[PDB]
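Everything on this sheet refers to the single structure shown next.
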Amino acid sequence: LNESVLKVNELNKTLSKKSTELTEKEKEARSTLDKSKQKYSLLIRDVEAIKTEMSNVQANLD
């Protein structure tokens, strides 16, 4: 039980890192869209990838 508690407390740091990368990718994608079509699509793919990793971390934490 102690080891599991440590594992989730550390899985919070990955949730935090991918929060950071998601913010950066979302900024890039929205900047591309506001101004480009292909770059916007690719950047949205990256945004979805980071958010997917976040959702994975959230399910594991849950």
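If you're wondering about the labels, chains in the structure tokens are A, B, ... by order shown, residues count from 1 in each chain, ligands from 1 in order shown.
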Discussion item. Residues within 9 Å of range 5-13 of chain A, please, as a PyMOL selection string. Count only C-alpha atoms; anything in the same chain fewer than 5 positions from it doesn't count.
Written reply: chain A and resi 18+57-58+60-61
Serialized selection, N, CA, C and O atoms, as a PDB file, in the first residue's frame:
```pdb
ATOM      1  N   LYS A  18       2.670  16.926 -18.533  1.00  0.00           N
ATOM      2  CA  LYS A  18       1.845  16.942 -19.724  1.00  0.00           C
ATOM      3  C   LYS A  18       0.768  18.013 -19.714  1.00  0.00           C
ATOM      4  O   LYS A  18       0.338  18.422 -20.790  1.00  0.00           O
ATOM      5  N   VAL A  57      -2.829   9.096 -17.488  1.00  0.00           N
ATOM      6  CA  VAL A  57      -2.357   9.301 -16.125  1.00  0.00           C
ATOM      7  C   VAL A  57      -3.538   9.431 -15.175  1.00  0.00           C
ATOM      8  O   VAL A  57      -3.496   8.946 -14.039  1.00  0.00           O
ATOM      9  N   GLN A  58      -4.601  10.103 -15.619  1.00  0.00           N
ATOM     10  CA  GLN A  58      -5.757  10.307 -14.754  1.00  0.00           C
ATOM     11  C   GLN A  58      -6.464   8.989 -14.473  1.00  0.00           C
ATOM     12  O   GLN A  58      -6.905   8.746 -13.348  1.00  0.00           O
ATOM     13  N   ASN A  60      -5.060   5.993 -14.484  1.00  0.00           N
ATOM     14  CA  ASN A  60      -4.191   5.246 -13.580  1.00  0.00           C
ATOM     15  C   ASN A  60      -4.324   5.762 -12.152  1.00  0.00           C
ATOM     16  O   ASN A  60      -4.452   4.979 -11.197  1.00  0.00           O
ATOM     17  N   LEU A  61      -4.312   7.091 -11.995  1.00  0.00           N
ATOM     18  CA  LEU A  61      -4.481   7.694 -10.680  1.00  0.00           C
ATOM     19  C   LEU A  61      -5.821   7.315 -10.080  1.00  0.00           C
ATOM     20  O   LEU A  61      -5.901   6.987  -8.895  1.00  0.00           O
TER      21      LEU A  61
END
```
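Omitting residue 20 in chain A and its sequence neighbours fewer than 5 positions away, and counting only C-alpha atoms, the residues within 12 Å are residues 13, 14, 15, 25, 26, 27, 47, 50, 51 and 54 of chain A.
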Produce a file of the selected residues containing N, CA and C atoms, as a PDB file, in the first residue's frame.
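File produced: result.pdb:
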```
ATOM      1  N   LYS A  13       3.303  14.076 -11.005  1.00  0.00           N
ATOM      2  CA  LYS A  13       4.305  14.881 -11.691  1.00  0.00           C
ATOM      3  C   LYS A  13       4.254  14.716 -13.204  1.00  0.00           C
ATOM      4  N   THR A  14       3.853  13.547 -13.700  1.00  0.00           N
ATOM      5  CA  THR A  14       3.653  13.394 -15.137  1.00  0.00           C
ATOM      6  C   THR A  14       2.400  14.096 -15.617  1.00  0.00           C
ATOM      7  N   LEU A  15       1.332  13.996 -14.837  1.00  0.00           N
ATOM      8  CA  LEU A  15       0.158  14.824 -15.088  1.00  0.00           C
ATOM      9  C   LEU A  15       0.544  16.297 -15.185  1.00  0.00           C
ATOM     10  N   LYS A  25       1.364  23.147 -26.702  1.00  0.00           N
ATOM     11  CA  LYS A  25       0.865  22.661 -27.984  1.00  0.00           C
ATOM     12  C   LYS A  25      -0.440  23.351 -28.365  1.00  0.00           C
ATOM     13  N   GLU A  26      -1.329  23.566 -27.392  1.00  0.00           N
ATOM     14  CA  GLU A  26      -2.571  24.283 -27.654  1.00  0.00           C
ATOM     15  C   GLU A  26      -2.295  25.708 -28.109  1.00  0.00           C
ATOM     16  N   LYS A  27      -1.336  26.383 -27.468  1.00  0.00           N
ATOM     17  CA  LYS A  27      -0.983  27.728 -27.908  1.00  0.00           C
ATOM     18  C   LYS A  27      -0.493  27.717 -29.348  1.00  0.00           C
ATOM     19  N   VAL A  47      -1.552  18.089 -29.808  1.00  0.00           N
ATOM     20  CA  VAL A  47      -2.379  18.460 -28.661  1.00  0.00           C
ATOM     21  C   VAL A  47      -3.169  17.253 -28.170  1.00  0.00           C
ATOM     22  N   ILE A  50      -0.893  14.756 -26.306  1.00  0.00           N
ATOM     23  CA  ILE A  50      -0.556  15.120 -24.932  1.00  0.00           C
ATOM     24  C   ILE A  50      -1.771  14.942 -24.028  1.00  0.00           C
ATOM     25  N   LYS A  51      -2.948  15.392 -24.482  1.00  0.00           N
ATOM     26  CA  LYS A  51      -4.153  15.228 -23.673  1.00  0.00           C
ATOM     27  C   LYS A  51      -4.469  13.755 -23.449  1.00  0.00           C
ATOM     28  N   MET A  54      -2.283  12.629 -20.665  1.00  0.00           N
ATOM     29  CA  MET A  54      -2.898  13.105 -19.427  1.00  0.00           C
ATOM     30  C   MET A  54      -4.069  12.229 -19.006  1.00  0.00           C
TER      31      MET A  54
END
```
Worksheet entry | Shell of 9 Å around residue 29 in chain A, only C-alpha atoms, local chain residues under 2 positions omitted, as a PyMOL selection string | chain A and resi 24-27+31-34+39-44+46-47
